[PDB]
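The chain below stands alone, shown as structure tokens; this is the form deposited in one PDB entry.
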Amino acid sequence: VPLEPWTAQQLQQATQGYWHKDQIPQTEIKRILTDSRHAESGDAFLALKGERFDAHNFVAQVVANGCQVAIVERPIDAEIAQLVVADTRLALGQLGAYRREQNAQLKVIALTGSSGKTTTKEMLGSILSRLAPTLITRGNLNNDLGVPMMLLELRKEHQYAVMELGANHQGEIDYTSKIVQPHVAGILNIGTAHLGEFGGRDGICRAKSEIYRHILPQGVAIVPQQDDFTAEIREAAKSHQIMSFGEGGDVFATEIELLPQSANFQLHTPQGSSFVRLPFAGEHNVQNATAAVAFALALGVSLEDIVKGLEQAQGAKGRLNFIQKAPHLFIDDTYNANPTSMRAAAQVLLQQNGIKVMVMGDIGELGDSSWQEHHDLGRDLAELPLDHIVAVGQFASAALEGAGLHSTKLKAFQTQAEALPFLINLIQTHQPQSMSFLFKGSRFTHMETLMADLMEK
């Protein structure tokens, strides 16, 4: 915020809807929201429906709260101006697309990939915000509804927009990218497909490849040079000018030095080279950095400004955020977690100093291997130079059993409420000594709360 307001005319024109009983708002709309709990005077309540729910059911609530404007699929019997449209989900997409179009001064990026989307997006935001007002995706608003919701936040001051697209299924990326109308778009990588997921990895590649379809004239397609699908992705982008990142590509890194909380490397590009002291840890973040560089070069940003942007960029919440507290270290890497990611984080914890204790949560999405996965993990993780391995969750016992000849190193737990005391006690268990805490786990375990609860102590 703030938000550039809408006039009744603009709302009507973008959706081609009609004002119920000719009741046209005489004041502008300051905001368009879908949450009936927050709609107030000046807002336009957009009623969405879906699997087992229909926000049209809550229109009386926004009316009671002062809201006098709503965007609906069917006229409701209540005292409120109503812009009637055929489909409110499509109308939302049209409102975002219309605002995007009205902001002709924008240079737009759209990116996707199986991993590193948010990090790369943050890196670009850092680079571009140094130059001019820039709007980047917030949180996970990267789907059919999220993308347009973000575009509603565009303002005349914005010169750049970095839109993250997180869809993985056929036709989804075409939908959101068409709304976005990017000048530069591309794919970071193609990961693994869900167990039994229709299409497999090939399906993810075809889905994400839809991101090249609506690149504007004289635009640029960014492609990953080191991915199992590089050849297929290059073919999909053949109708556009191409720039690549990764080994053997246009933008790549050499002499990488992985430091405890950062990474050093020599950056190579068609616009020259430069050393980079990247304030992010791990090789994956170096790869994300190279992608950000390619995306930025495609927008005409100088190499000098790109490096400056990278060196002062900050990671997203829950993505390896180093929090130093007294002689103790707290690495908040709770955003999400998977098979690999969990073992990778363990290492980063090792590269640190003092007493290493990895507070992990449930890795949620291994259907039946939830026991087998956590079993082997706790086995290999407890086999590392790690000191203590606190495991919280329903499959925490699966890790304790897997520990095997390392059961004295791992102590399972069902809840944070039960584990918290163990960490507080384990703190003094080592008297005044430095300790490195690394909190990981799937998004639903919200391990950041436990970490916050332990730090607030």
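All residue numbers are counted from 1 along the displayed sequence.
The mean Cα B-factor in the deposited entry runs higher for 314-322 than for the other of 314-322 and 184-192.
When the mean C-alpha temperature factors of 398-406 and 412-420 are read from the deposited coordinates, 398-406 comes out higher. The top Cα temperature factor in the record, among 145, 136, 127, 357, falls on 357. Among 250, 283, 122, 365, the highest C-alpha B-factor in the deposited entry belongs to 365. Among all modelled residues in its chain, residue 369 ranks in the highest third by Cα B-factor. The entry lists a Cα temperature factor for residue 57 that places it in the lowest third of the chain's modelled residues. Among all modelled residues in its chain, residue 390 ranks in the highest third by Cα B-factor. The entry lists a Cα temperature factor for residue 426 that places it in the highest third of the chain's modelled residues. In the deposited entry, the Cα temperature factor of residue 328 places it in the highest third of its chain's modelled residues.
Keep in mind the form deposited in another entry is missing from the figure; the text below concerns it.
When the structures are compared between this form and the one not shown, the hinge, where C-alphas stop matching one rigid part best and start matching the other, is found at 317 among 317, 216, 277, 354.
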